[PDB]
Structures are given as C-alpha cells and as structure tokens.
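Notes to accompany the following structure.
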Amino acid sequence: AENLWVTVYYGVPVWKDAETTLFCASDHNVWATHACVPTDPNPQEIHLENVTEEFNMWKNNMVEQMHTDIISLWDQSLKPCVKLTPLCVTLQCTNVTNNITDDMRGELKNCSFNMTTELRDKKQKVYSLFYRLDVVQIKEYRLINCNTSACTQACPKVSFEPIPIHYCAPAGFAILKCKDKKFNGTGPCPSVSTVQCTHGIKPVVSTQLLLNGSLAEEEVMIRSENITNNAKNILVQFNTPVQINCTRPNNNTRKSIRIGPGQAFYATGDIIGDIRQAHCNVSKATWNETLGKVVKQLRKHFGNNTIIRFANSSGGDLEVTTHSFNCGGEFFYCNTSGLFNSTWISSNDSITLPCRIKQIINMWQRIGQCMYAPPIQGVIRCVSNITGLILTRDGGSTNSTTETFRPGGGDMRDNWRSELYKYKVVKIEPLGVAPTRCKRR
Amino acid sequence: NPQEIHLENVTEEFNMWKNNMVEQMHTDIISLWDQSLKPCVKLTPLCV
Amino acid sequence: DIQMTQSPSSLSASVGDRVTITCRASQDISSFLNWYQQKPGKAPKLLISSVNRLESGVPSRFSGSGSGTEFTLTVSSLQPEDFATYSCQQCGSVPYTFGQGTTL
Amino acid sequence: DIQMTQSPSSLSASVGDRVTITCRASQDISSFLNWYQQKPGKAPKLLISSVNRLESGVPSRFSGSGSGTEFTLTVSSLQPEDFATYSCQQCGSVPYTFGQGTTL
Amino acid sequence: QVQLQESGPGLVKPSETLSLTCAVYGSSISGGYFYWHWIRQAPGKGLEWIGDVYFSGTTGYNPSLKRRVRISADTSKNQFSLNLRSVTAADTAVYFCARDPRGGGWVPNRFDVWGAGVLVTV
Amino acid sequence: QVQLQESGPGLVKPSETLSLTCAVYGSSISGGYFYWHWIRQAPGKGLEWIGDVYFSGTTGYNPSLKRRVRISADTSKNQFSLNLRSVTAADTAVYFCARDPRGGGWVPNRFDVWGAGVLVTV
Amino acid sequence: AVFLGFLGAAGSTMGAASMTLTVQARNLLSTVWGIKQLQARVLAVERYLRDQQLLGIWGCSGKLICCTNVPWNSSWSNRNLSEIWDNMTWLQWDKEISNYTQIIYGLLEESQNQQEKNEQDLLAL
Amino acid sequence: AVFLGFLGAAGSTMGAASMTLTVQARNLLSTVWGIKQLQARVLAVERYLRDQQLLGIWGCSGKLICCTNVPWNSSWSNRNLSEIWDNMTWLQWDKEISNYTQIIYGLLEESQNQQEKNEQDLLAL
Amino acid sequence: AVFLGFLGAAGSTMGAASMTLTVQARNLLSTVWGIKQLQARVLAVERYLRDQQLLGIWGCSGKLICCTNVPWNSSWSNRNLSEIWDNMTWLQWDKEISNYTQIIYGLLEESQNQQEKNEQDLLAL
Ligand SMILES: *[C@@H]1O[C@H](CO)[C@@H](O[C@@H]2O[C@H](CO)[C@@H](O[C@@H]3O[C@H](CO)[C@@H](O)[C@H](O[C@H]4O[C@H](CO)[C@@H](O)[C@H](O)[C@@H]4O)[C@@H]3O)[C@H](O)[C@H]2NC(C)=O)[C@H](O)[C@H]1NC(C)=O
Ligand SMILES: *[C@@H]1O[C@H](CO)[C@@H](O[C@@H]2O[C@H](CO)[C@@H](O)[C@H](O)[C@H]2NC(C)=O)[C@H](O)[C@H]1NC(C)=O
Ligand SMILES: *[C@@H]1O[C@H](CO)[C@@H](O[C@@H]2O[C@H](CO)[C@@H](O)[C@H](O)[C@H]2NC(C)=O)[C@H](O)[C@H]1NC(C)=O
Ligand SMILES: *[C@@H]1O[C@H](CO)[C@@H](O)[C@H](O)[C@H]1NC(C)=O
Ligand SMILES: *[C@@H]1O[C@H](CO)[C@@H](O)[C@H](O)[C@H]1NC(C)=O
Ligand SMILES: *[C@@H]1O[C@H](CO)[C@@H](O)[C@H](O)[C@H]1NC(C)=O
Ligand SMILES: *[C@@H]1O[C@H](CO)[C@@H](O)[C@H](O)[C@H]1NC(C)=O
Ligand SMILES: *[C@@H]1O[C@H](CO)[C@@H](O)[C@H](O)[C@H]1NC(C)=O
Ligand SMILES: *[C@@H]1O[C@H](CO)[C@@H](O)[C@H](O)[C@H]1NC(C)=O
Ligand SMILES: *[C@@H]1O[C@H](CO)[C@@H](O)[C@H](O)[C@H]1NC(C)=O
Ligand SMILES: *[C@@H]1O[C@H](CO)[C@@H](O)[C@H](O)[C@H]1NC(C)=O
Ligand SMILES: *[C@@H]1O[C@H](CO)[C@@H](O)[C@H](O)[C@H]1NC(C)=O
Ligand SMILES: *[C@@H]1O[C@H](CO)[C@@H](O)[C@H](O)[C@H]1NC(C)=O
Ligand SMILES: *[C@@H]1O[C@H](CO)[C@@H](O)[C@H](O)[C@H]1NC(C)=O
Ligand SMILES: *[C@@H]1O[C@H](CO)[C@@H](O)[C@H](O)[C@H]1NC(C)=O
Ligand SMILES: *[C@@H]1O[C@H](CO)[C@@H](O)[C@H](O)[C@H]1NC(C)=O
Ligand SMILES: *[C@@H]1O[C@H](CO)[C@@H](O)[C@H](O)[C@H]1NC(C)=O
Ligand SMILES: *[C@@H]1O[C@H](CO)[C@@H](O)[C@H](O)[C@H]1NC(C)=O
Ligand SMILES: *[C@@H]1O[C@H](CO)[C@@H](O)[C@H](O)[C@H]1NC(C)=O
Ligand SMILES: *[C@@H]1O[C@H](CO)[C@@H](O)[C@H](O)[C@H]1NC(C)=O
C-alpha cells in the first residue's frame, strides 16, 4: 500500500558537531605569517535562515587548539635565539643613587659581574641595571631563573605586537557563527551564518583586562558556565571601549656585550633623565559609566537590590594578582587596586596605576622556560582599549545579600574564549536516505 | 630506461631568467648542505 | 487574462462624419484582434478580424490599423445603420476577453 | 492574471472604531492572500499572510477571514498609527497582482 | 539586521535602458532560500509586480513586461539589477525590491522585508 | 636531428621468414603524430608500398602482400619490425622505412624523411 | 567563488533543499604546521573517497539524485510523503532516522549486488 | 610504462588529438624532504579528485568523450566545425575560449541538475 | 564493524568467491610517527585512486562485476569454464595468467576507446 522506496541524496545540507584542526588565514614577527595561509580579499558569508543551532561557549575545541597553537608558535619563535646560560654568574649589586624618585626605591640595581667573551680563555667585567624582581639574594645576587632553568633571550628583530590570525576549517567542515545579539554563549542561537574564515582574532595576552578585544554591539554582557557556582569565572564583555594609556617614562639604553662567538647579550645601560615608575592612566568618568553598566547587567542576574562589592585581587603569584600585559617590547605588571575598589547599592582626572616591569618572563604558567626580554631603547608609550573583564565571585558566607566580585585570570583560555564565543565547527554529512516513489530500472 | 617523448609542431615560449626551478634547486642545495652539516662536531672551544 | 480598454467609452456623432475608436491591451497581442458590431437588440456581427483584413460582406468604409498594444478602428463616413456598439476581442490566447463596448 | 478589487476604495473612520475592508478576486485563489500595509513615504509592510495566519510582530487587533473568491480584513479598534493604505496580493499564481489600495 | 538599498539614476531621458541596482545588507542572494522581486508602484495606483530572480538564474518577469525588462543577480558582490528597456511615461514610479521566502516550502509568496523605495521619475 | 637505421639479415636463404628492424633516433614511435611505413623498391622498378604501423597497433598492409607480411612496433625500445614470410626470388629490393605525418591531419599522407636503405637480397 | 552559498538550504524543507544539492557538493573536497595542513587535506580526501566508494557500492556512482529499488519499511518511519517533503527539514529527518541508517546501507548494498548478479545472468543467456 | 607517448598530440589538430585521450588521462596520477614528495603526491591526488568531481557533477563520470545536451552559444565562438577540428589545435582552442569557460561550466552543472530532476519526476510516474 | 570477513572467500572457488566481492572491496580505503602514518594513508589513497582510474578507463566505472566485449583469446588460457569456476580458486587463476595481464588491460583500453568513438559517431546522426 505504501509503495515507497529508498532514495539516496548526495550533497544534503546536514551537519554534526565535531572537532578538527584549523589553520591560518593571516594577511618578521613572533606570530609567523609565513607559516600561515593567505586569505582572500573578498570573504564570503552565507547567512542561514530558519535554523537554530545549539552553541556552547565552554565546550568549544577552538580555544584549546588556539592555546596550543599559540604556545607552539611561541616556542618555535624562541628556538632560533641565543641561550643565556653563561649569564647565570654571581652578581655584585648596589642600589641606584642618581636622580632616584621615592616610588622607584628598592628597585633597579646596578649589578656588575664577570662574563665570558669571544675568546674562551678570557673574561670581561660588565655591568647592567637589573630590576629587583629579576634578581634575588643568595651584597651578592643571582637571577631568579638560575635554579629553575636557563633563559632564551628573545631576538631583538622579532616584534611581539599581536597580528590577526584568521582561523578557517578544512574541506568538508564549516564554521557556524551566531549573529544573534544578546547571545550568552550557550543555548539555541536562532541567527546563524556560515563563514569561510573567522574574523581577525588578535592573539593578545593579558590578565584581569581583555585589551583590544571585541566589543558587544548591544550592551555589557555577562557570561559564565555556571553563574550560580562561584568557582567558575565570569566574563564581562563591554559595549564601548575604555581608553587606557600606559607608559615607561624612563629613557633606557641598550648595550650589546659579546658573551660568546656570535651570541650577544643586550643589557640596560644608563637611564637618561630621571628614574620614574612606569604608570598607566585610565579615564575616571569612562570607568565610572562602564562600571555602572556592569553593575546594572550583573544585578539583572543577581537580583535588583543586592549590594555589589568590587575589591582588589585576593592573592597569589604576581602574574595572576596584577594586570600583566605586554606591549612595545616590554612586559608590564600594573597593579589594579584603585579600579576594582568600590561598592554599589540601590571631569578630567584619571586613575593612575603603577606598573612594575620584569625581564625574566615565565609566561603560560610553565616551569623550566624563561624569556628574558631585551631592553627597548627610548621611552615607551602604549595606548589601548579595555573591552573585557574576568571576575570571580568570593564564595563562602555570601548567602546573605553581600556579593563580592574580584579580578581573576591566570588561565589564558578566557582571553581566547571572549573572541571565539560565536564560532563553532561542524562536519557535513552529504549522504542521506529518504522515501520516494522511485524504482530503479 | 628514461623515456623522452618528442613533440612535433609545437613552439613554446621559454624564459631561463624566470625559471622557478633554478631557485628551487638553490634552496634545495642550501637545505641539503645545512642538513649534512648538522651531525658534526661544533668547534666552539677553538675560539682561543 | 489580457484586459482590453476601448477609448472613448461612449461617444455621440452626427451622420456622415469620420470617427475613430482606439483599443489598448495590457499585453502584446501582436496581430490578433477582431472588432464586433453588436447592434442594440440583435446579436454581435463580425466586421474586422486580424488587425485590418476586412472580411467580405461589409462596406469598405470601415478600416483598421495599429499593432503591438495599440489598435484603432476608423469609420470614414458615419451612416444611419452605423449606430451600434463596437467591441474588441483578444483572439490570441485563452481566455478571449472582449472590450467594454463603445456605444454611438 | 487574476484581478483584485478592494471595497471600499477609500474610507474615513475615527479612532477606537471597528473597520472592515473586503477583497474580491476574479478567480478562486483558495487561501492564498496576504494583507499588506503601506504607510505614506516608506515601503509596504506585511500585516497578514494566508488569510488568517498573523505574522509575528503586529498588534492582535488585525484579523483576516474569508475564503474562495471573498476575503476580509477587520480591525477591531482603530489606532492613530493605523492610518495607512492596505492592499491585497495574489500569492498563488504567477503573476502576483496587488489591490488598488484603500486609504484610511 | 537585514535591509536593502536601491541605487541608480533618478532621472533619465525616456528612451533608453534604465538600470536600477538593489543591494541587500543581511541575507545572501547565493543562499537558495529567498527570491528577489522588483515590485513597482506608480503614483495614484497600486503595487505592480515586475519580476523575480533566483540564485540559480531561473528568473520570471511580469507577462505585461516580459519583453522590456531583464533582471540579473550577481552573488559575488551580493546584489541584483533591473534593466528596463524602452522606458516611457508610464514608468514614473517607486521601484521597490522585495524579499520572498518562497525558497523552502514553508510558506507561499510572502513579501516581508521591503527596500527603502527609490522614486525613478521619467 | 631525426634519422632511421635498418638492421637485419642482408642476405637470406629464400622460402623462410625475413626480418627487418628499423629503429628511429629522433621522433618517438609512441607519439600518435606519425605513421611508420615500409616502402620498397626493386631494381629496375619503381617505389612500392608494403604497409604501415601506428602507435596503437592499427596497422595496414598492401593488398598484394596482406597475407605474407606482419608489421610490429615496440614503443619501449622505440623501434618497429617487418616480417616477410615465404619470400620468393622477386623479393630482392631496397627496403626503406619511412615516416609519415598522417596523424595530426594538418596534411595528408606525405613521406618526408626516409631511412638510409638496406639492400636485402634473396 | 566556489563557496558562494554553502549550505544555505539548511532551514528549507527537504523537497526544496533537494534542488540545491550541487552547491553543497563542490565544497566537500576543497615544520609541524605543514603537517597540520597536510593532515587536514588528507583527512578531507579520505572522507570524500569513503563517501564516493559508499555511493558507488550502491550503484549510484556519478549521480547526485539516484534512487534505488529497495522498499521503504514502515518501521523506519511512519511519516507520509505529504508530511516529510513539505513539513520537515533535512536535519530533523536525519535526527529521526539516525539509528536506522546502517541496516538501510546494508539493504542497498545487497540489493545492488543482487541486481548486478541478475544482470550478469540475464546477459549470459 | 605509463609515461609512453605522453602528450605527443600537442601539435596535432583537435580531431586527431581527440583519438589519444587515454595516454594523457592515465598519466595524471603517477625529514623535510619527505614532506616534499608527500605534499606533491597529496596535491596531485587533490587536483585529480577535484577534476573527477567536476566531471561527475557534469554527469560524464567514467567517460573520456561524453558530449552533453546544452546548446553552444555563437557568442563564445563563431567558427564552424570544419575550421576548428581540421584547422586548429587544442592549445590554440584553449587560448581562444578562456573567458567563457566558467559560464559553460555553470551551464553544464545546471543542465545536469535539471536532467536529473526530469528523470526523477519521469520515473515517479 | 567494516572488516567483517576480510578475505573470507580466499580458499573458495572463483564462482563462489565472486558473490562476496563487496566484502573485500569496502576495506581498500580504511612527530616522525605521524609522518609514517600519514604516508601510509596517502599510499593507500593513491593505490585506490589508480585502481579506480584503471577501472574507469575500461568503462567499468561504478561496477564491481563489469563484463566487457573483448574476446578471450585461447592463447592466454585453454581451460574451459567448467574447470575454472568450479575447479579452481582465484589465487591459482591469478598465478596462471600472471604473465598475460598487461596485454589484456591494453586490449580493454582500446576496446573501450573504440566503443566510445563508435557511440559518438552513431549519436552524431
Ligand atoms: C592595541 O592596539 C593598538 C593599536 O594597534 C596598539 O598600539 C600600537 O602598539 C604598537 C606596539 O605594540 C605600536 O608600534 C610602534 O609604533 C611606532 C610608531 O607609533 C613605531 O615607531 C614602533 O617601531 C618600533 O618597533 C619596530 C619593530 O620592532 C622597530 O623596528 C623600531 O625601531 C621601533 O623600535 C612600533 O612599531 C603602534 O604604533 C601602536 N599603535 C597606535 C595606533 O598607537 C596597542 O599596543 C594594542 N594593545 C596592546 C596591549 O598591545
Ligand atoms: C520557519 O520554520 C518553521 C519550522 O521549522 C516553519 O513552521 C511551519 O510553518 C508552516 C506554515 O505556517 C506550517 O504548516 C508548519 O506546520 C510549521 N512547522 C513547524 C514545525 O512549526 C515556519 O513556517 C518557517 N518560517 C519561514 C518564514 O520559512
Ligand atoms: C604544422 O602545423 C602547421 C599549422 O600550425 C600546419 O600548417 C597547415 O598546413 C595545412 C596544409 O593542408 C593548411 O591547410 C593549414 O592552413 C596550415 N596551418 C596554418 C595555421 O596555416 C603544418 O601542415 C603542420 N605540419 C605538418 C607536417 O603537418
Ligand atoms: C636598597 O634599598 C633597599 C630599600 O631601602 C634596602 O633594603 C637595601 O638594603 C638597599 N641595598 C643595599 C645594597 O643596601
Ligand atoms: C672577577 O674576576 C676578578 C679576578 O680575580 C675577581 O677579583 C672578581 O671578584 C670577579 N668578580 C666577581 C666574583 O663578581
Ligand atoms: C629558586 O629560587 C627561589 C628564590 O630563592 C626559590 O623560591 C625557588 O623555590 C627556587 N627554585 C626551586 C625549584 O625551588
Ligand atoms: C543562556 O541562554 C539560554 C537561552 O537563551 C538559557 O537557557 C540559559 O539559561 C542561559 N544561561 C545563562 C548562564 O544565562
Ligand atoms: C580602540 O577603540 C576605538 C573606539 O572607536 C577604535 O577607534 C580603535 O581602533 C580601537 N583600537 C584598537 C582596537 O587597537
Ligand atoms: C551550578 O552549580 C550548582 C552548585 O550547587 C549546582 O547545584 C548546579 O547543578 C550547577 N549547574 C548545573 C547546570 O549543573
Ligand atoms: C653603574 O656601575 C658602573 C660600574 O660598575 C658605573 O660605571 C656606572 O656609572 C653606574 N651607573 C650606571 C647608571 O650605570
Ligand atoms: C597620567 O596622569 C598623571 C596625573 O595627572 C599625569 O601627571 C601624567 O602625565 C599622565 N600620563 C599619561 C601618559 O597620560
Ligand atoms: C590617555 O588616556 C586618558 C584617559 O585615561 C585620555 O583622557 C587621554 O586623552 C589619553 N591620551 C592620549 C591617548 O594621548
Ligand atoms: C561615579 O559617579 C557618581 C555620580 O555622582 C558618584 O556618586 C560615584 O561615587 C562615582 N564613582 C566612584 C567615585 O567610584
Ligand atoms: C587589597 O586591598 C587591601 C585593603 O583594601 C590591602 O590590605 C591589600 O594589601 C590589597 N592587596 C591584596 C592583594 O589584597
Ligand atoms: C596594589 O596597591 C595597593 C595600594 O597601594 C596595595 O595595598 C596592594 O598591596 C598593591 N598590590 C596588589 C596586588 O593589590
Ligand atoms: C578605595 O578607595 C578609597 C578612595 O581613595 C580609599 O579611601 C580606600 O582606602 C580604598 N580601599 C578600600 C578597601 O576602600
Ligand atoms: C633618550 O636619550 C637619547 C640620548 O641621546 C636621545 O637621543 C633620545 O632622544 C632620548 N629619548 C627621547 C624620547 O627624547
Ligand atoms: C499520510 O498521507 C496518507 C495519504 O493518503 C494518509 O492516508 C495518511 O493518513 C497520512 N498520515 C498522516 C499522519 O498524516
Ligand atoms: C531509534 O530512534 C527512534 C527515533 O525517535 C526512537 O524512537 C527509537 O526508540 C530508537 N531505537 C533505539 C533502539 O535506540
Ligand atoms: C567554414 O567557414 C566559413 C563558414 O563558417 C566558410 O567560408 C567555409 O566554407 C566553411 N567551411 C566549409 C567546409 O563550408
């Protein structure tokens, strides 16, 4: 009676969630563009209609692959550079005394030591100004890296500035993008498109502040895997950027001293001018209005009458306890306590934060690999945007109306999850079987 | 037994100065020499 | 369903006068048009077919012209029996729709 | 080429009053009718589809009824912004012809 | 956010080809879900369908203007164009470009999003 | 430089197989642009055809000798062979092997280059 | 220029989506980072070749819409033609018979084998 | 070997060269240095598979000479048959018809899809 | 669950083993260690594609049992059908005609080319 027969369809529009290996579409630097595919000048976007797809921000395989790829790129770029094993000698250090300011006291020390030279059977006495965080007492000091592992001095030519890296899928795979505004990263997105490649994702590294991130088009947005549970972090994406400018006013000098045949070590010379602490300014009014938006959006979830307390970082290592970022060839560790110090209940001045500059950089929370950064000649200024935040709720006795959110971080996946929250990877299955009145022969 | 197929009544525009094969061979030779020099002693102590 | 419009919708003229009635079709009916001369009381009687093609059995006074989407029927000299209703016809595609009818 | 006629061709009413507009098609279009709305200046905006199915994003006051060769759009309570020119559509056969347009 | 914008000469000598390009920001013409129509409305008259074009080029024009019109859609830059030849005084109208969710058998011809509407006097 | 060389028994006992191997240095047999003919000339007579062999094995022999002849061609070694069986006393002739641009139909059959010319006698 | 509308008909009904199968078929084929790209390409090639072999085993080689001669058992789906080709989309249909796929493939395979054997037997006579 | 007589008919006319398509057709397939030969093999495989996929989309799968049913627009070339097959070579023909190749490819694709739909609805009855 | 009896009919006669070709046909496709694994995959893909190209050149594309019109010369083998399909196995048959394989492939290739040319000539009318 049915007289229905199987029919095979090829090229069917059906897909399933899957994980694969994406590659570059970038258009000398640490983020190697040569080992990255070039993109087309006319990217194609196909906006699917009457389809709703279940997105999940916290189960995306794109962010883990991006983290692994960034680590691999960092290691590959650091491999062809001088290894500073001879520079683990004992240092005779004294405090600086010329043009020293009160803030920059108990700080960069004039150290002198013997080091090898081009000729093996000879030594040279050299001097350099080493920041306090780099050196540690055994009137003699040793670098902090000495008992952990040797450093690979980052080569001067390669620049650390982020460069966008457009991710793409291989053949037979598609990148779905959720255009639905006010999308919280999880659940059914009704507005779906297919993109040949992702947008320009700048591989910026930072903690407590997502610098140069993607801005929300609607308002401040709060995202969390489980907002009820305080263990999981909370990502806040702003709708407008807060302009922030950091600077190291000291006019440092770089001197190259030969530690071996070909290998040359770059050292700090004379601090031309006055020794002043590196400082970073952020607008007070812009910060106030942005914080107002954040507290409103957080009250949307945590109640319309609860008190919102923002306090400085709890504690731990320097990298996670302070806003640590990199720009202009220098790594700053600015202390964010004046920003996240306020309580909320139902003109031209700006907040100035102090910044400490390290050289021995143990990034990626890895042990056994350090990244002594050569000094940068001249004064460094760095203007950037703040468009994100990573906040953690202090659980425990917060069952009452009290709510205390503090800056967090440590893991760099949250930085990548704020820009890949809309991209998902699917695999197509062209084969399909249906009923039809056909009959072969 | 290499095979050579002679083509008749075909005129082809050659340009020795735009041959990618010569640059490919140059890179191949440089890479081969660099690879061949890898498993050999390094004369760092000689700098005396 | 091509729509035919006859202009003027209704006119009054004196005997022995040249008159002209134009017919406009929404689409292009090419050369397929027939005019009809329905006398009050009596059934329609064919006068002109296929643009002009004056069919045998009528005086040579009547004439037809035009093409495409515009056609026209001209009576050279009005006669006492030429006081009937002129009508169009779209004889080029099913269904065949006539005009509104112009009464003299 | 189905022809649509809207009755009345133009009406005036007062705020907070019922109003009804009828649409008649020469042929039988089953239930393939969509009621549109064109505020002066800007482009038409769809109000109702498939006679009765109300498109998401309109006030519930609008309603549609009928079948066969007769359909009707009813506004239960007139509102100040409901002073646009409603139209009809033939969404069941090529070509699609709209109505003349009734101005409120 | 999906909309359409029309461009072209707003005034033309009434004997030549008339070109009007409608470009859509939002959905894509390449996707086989929407037909792209070219509804027209003369002053003091109702709407009047002209033609439509699909992503595969299977276009269909109004029988009244099956000879004087041609619709061409280019998906590389995601737009379409109406070329109306032998324009006359009857073409003084507002030329809207509309989107039809006929692609997919969910609903019949259901013009939902309309362009701004350019009045091409002639 | 294109040339052909013939080898084989220059003198044989009548009434058995006669093998002539023509090898070409130059244009390749495997190329479909050429045919390889086995023209013959007896003393005091004119040129006479025997047969031709193509790269794909579509050979054609003279109607007179359609039974007593067999032409083969090996492309790996790039040479062809003629086997004339039961040769009589009237088979004393100069056996040329010639090229023909029949393939690549620009021109009709046209023997342009010829072999040196062996002097088989029987 | 080849991408130019990939998928697109995902939200369309099965019947309408079956009219744009070509656009979804052209895009199914096209130190350690070179290995990454190479492995991605080889995986895509292997998947495409497996799909092509599966299509060919059923006798549908070189056809986008090829319908076989095996019957549609009612247990797989009781939905009728009027409600499957005009009311349901391809994703929902795939999710509905996701667990009744292997047996259909086996039936198609054995039916094609039997058809080829019958053709050989008939042509031998 | 498979390289025997490769190309060869490049200088031959189109008609003569069309008789030796097999020779060219069968020659299209066959630590850092490993990634060179391996990548080259993968590239050749990908190119051959893409070309085969295009042929299958056009409905000429498994055929060397398979002539379709789409009309030849005179705009592409006004030359008559006698002046192309017996007077022009393949290289010159390719250099001539290069701007209209993609349009012809699209026409072939849409024609094959329409033919498949026509056969489907014919077999439905 | 795709292995499922690989080479199961190895000891079977040719006639019996010819009924299970699909079982053996579906298994042909599926830092330095990754290189070796990927190279093995690429080698398998290349072998399968060369196999498919060889099958297609003979006109047997998309067919597991495809029988052509080339006559069987008695020089290759003198055994009759009764002593082949009912008395011999596939391995013995392969070993018996191992030295008459290339000429058969060539004959099939030219036969298919001639068939295509004749079909084109007939269809031209
Ligand atoms: C967020 O984005 C902003 C804008 O892109 C970004 O500010 C940029 O920072 C980079 C440094 O990270 C600046 O680059 C410098 O630009 C000056 C000119 O203004 C150049 O003279 C500099 O040259 C140095 O570097 C060269 C390459 O190493 C050397 O060859 C040379 O001798 C110099 O040493 C350098 O290129 C860039 O100018 C700004 N752009 C703007 C508009 O301010 C900001 O850094 C980003 N945020 C973060 C956290 O990085
Ligand atoms: C969007 O898709 C939904 C279903 O995915 C469509 O809903 C169908 O609408 C038709 C016509 O109104 C009904 O006959 C069906 O019963 C509905 N099915 C479901 C599951 O709701 C909807 O029509 C589509 N909209 C558009 C504009 O294409
Ligand atoms: C080599 O190719 C040329 C053309 O490229 C051939 O010249 C043709 O000769 C025929 C003779 O019948 C003429 O009808 C053609 O008009 C010629 N071509 C041109 C472009 O004028 C030449 O014959 C070829 N050589 C051989 C040996 O065949
Ligand atoms: C440098 O200053 C710090 C802070 O006053 C002091 O603790 C330290 O002893 C000083 N260094 C020396 C060598 O005295
Ligand atoms: C460097 O070598 C000299 C030579 O003996 C020695 O006096 C001096 O203390 C050394 N420097 C150190 C140990 O920092
Ligand atoms: C290296 O030295 C620092 C400072 O004395 C010390 O805290 C650290 O534990 C040492 N490294 C290890 C692996 O113990
Ligand atoms: C995210 O949104 C989805 C649907 O919009 C909702 O079901 C889910 O509860 C939301 N989760 C959070 C943490 O807001
Ligand atoms: C920072 O935000 C401003 C806001 O308009 C923008 O113009 C500028 O390009 C941004 N800079 C970045 C992302 O580096
Ligand atoms: C979030 O954490 C709370 C902790 O009590 C738990 O009860 C809840 O199930 C979690 N959310 C989900 C979706 O599991
Ligand atoms: C540092 O110490 C050296 C001697 O080791 C001395 O010459 C120099 O003036 C001191 N100050 C600076 C800024 O280098
Ligand atoms: C930061 O603000 C302080 C206080 O007004 C000012 O002295 C300093 O120059 C500012 N620096 C920058 C880079 O804006
Ligand atoms: C530095 O940032 C402040 C806000 O913190 C802003 O008012 C000022 O214009 C900025 N100066 C620059 C970018 O030179
Ligand atoms: C932000 O501005 C409001 C406006 O009066 C003020 O009450 C509040 O204290 C400001 N926030 C600060 C100073 O953190
Ligand atoms: C944070 O602020 C408190 C006072 O509000 C201060 O005692 C503490 O040292 C600051 N830093 C940390 C890491 O808590
Ligand atoms: C930051 O500055 C505040 C105020 O001087 C200080 O109490 C705190 O210890 C500093 N460090 C951190 C991590 O907050
Ligand atoms: C927060 O800022 C105010 C204003 O400068 C300051 O008095 C206070 O000590 C800071 N810390 C806390 C915990 O309030
Ligand atoms: C830093 O000092 C050097 C010393 O000559 C000078 O040339 C340079 O201009 C100084 N930097 C700035 C920003 O002025
Ligand atoms: C499906 O359509 C057939 C057609 O006759 C009908 O008999 C059956 O009742 C329908 N079933 C459903 C569930 O609509
Ligand atoms: C197979 O899938 C259908 C789809 O709804 C479901 O009803 C059925 O229970 C499933 N059977 C098994 C054995 O999983
Ligand atoms: C082919 O070319 C033109 C017509 O296209 C004509 O002059 C010529 O004679 C044609 N060839 C033949 C054989 O008619």
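Ordering of the structure tokens sets the chain letters (A, B, ...); residue numbers start at 1 within each chain; ligands are numbered from 1 in the order shown.
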
What lies within 9 Å of residue 125 (chain H) using only C-alpha atoms, ignoring chain neighbours under 2 positions off, as a ChimeraX atom specification? /A:437-438 /H:121-123

Filtering to C-alpha atoms, could you give me those residues as a CSV table (one decimal), in the first residue's frame?
```csv
chain,number,residue,atom,x,y,z
A,437,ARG,CA,8.0,6.7,-5.3
A,438,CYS,CA,11.1,5.9,-7.4
H,121,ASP,CA,9.8,13.0,-11.9
H,122,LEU,CA,9.5,10.8,-15.0
H,123,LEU,CA,10.4,7.7,-13.0
```

Show me which residues line ligand 2, defined as having an atom within 8 Å of a ligand atom where only C-alpha atoms and all ligand atoms count, and present them as a ChimeraX atom specification. /A:49-51 /D:53 /E:101-102,104-107 /G:11-12,87-89

Could you name the residues that touch residue 181 (chain A) at 12 Å or less, counting only C-alpha atoms, but leaving out those on the same chain fewer than 5 positions away, as an NGL selection string? (:A and (189-192 or 215-221 or 239 or 422)) or (:E and (1))

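Within the 7 Å cut-off around residue 114 (chain F), using only C-alpha atoms and omitting residues fewer than 2 positions from it on the same chain, the listed residues are residues 96, 97, 98, 99, 112 and 116 of chain F.
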
Can you work out the spacing between CA of residue 82 (chain E) and CA of residue 70 (chain E) in Å, to one decimal?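 Rounded to one decimal, the two atoms are 5.9 Å apart.
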
Go through the chains and note each residue within 10 Å of ligand 17, using only C-alpha atoms and all ligand atoms, then give the set as a list in words. residues 249, 250, 251, 252, 253, 270, 271, 272, 273, 377, 378, 379 and 380 of chain A

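Distance annotation: of A:200, A:262, A:164, A:80, the residue with the minimal separation from chain B is A:262; atom set is only C-alpha atoms.
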
In Å, how much C-alpha RMSD is there between chain C and chain D after the fit, with all atoms paired in order?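 Result: 0.3 Å C-alpha RMSD.
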
Check every protein, DNA and RNA residue against ligand 6, keep those with an atom at most 7 Å away (counting only C-alpha atoms and all ligand atoms), and present them as a PyMOL selection string. chain A and resi 136+144-145+147-148

Output file for the residues above (C-alpha atoms, as a PDB file, in the first residue's frame):
```pdb
ATOM      1  CA  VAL A 136      67.250  37.516  44.304  1.00  0.00           C
ATOM      2  CA  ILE A 144      65.613  34.100  39.720  1.00  0.00           C
ATOM      3  CA  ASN A 145      65.870  31.791  36.685  1.00  0.00           C
ATOM      4  CA  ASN A 147      67.917  27.446  39.908  1.00  0.00           C
ATOM      5  CA  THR A 148      64.858  26.804  37.681  1.00  0.00           C
TER       6      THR A 148
END
```

Which chains and residue numbers are within 8 Å of ligand 19, counting only C-alpha atoms and all ligand atoms, if I want them as a list in words?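 Listing the residues within 8 Å of ligand 19 gives residues 95, 96, 97, 98, 99 and 100 of chain G.
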
Can you tell me which residues surround region 70-77 of chain G at a distance of at most 10 Å, considering only C-alpha atoms, apart from same-chain residues fewer than 6 positions away, and format the answer as a list in words? residues 2, 3, 4, 5, 6, 7, 434, 435, 436, 437, 438, 439 and 440 of chain A; 84, 93, 96, 97, 99, 100, 101, 104, 107, 108, 110, 111 and 112 of chain G
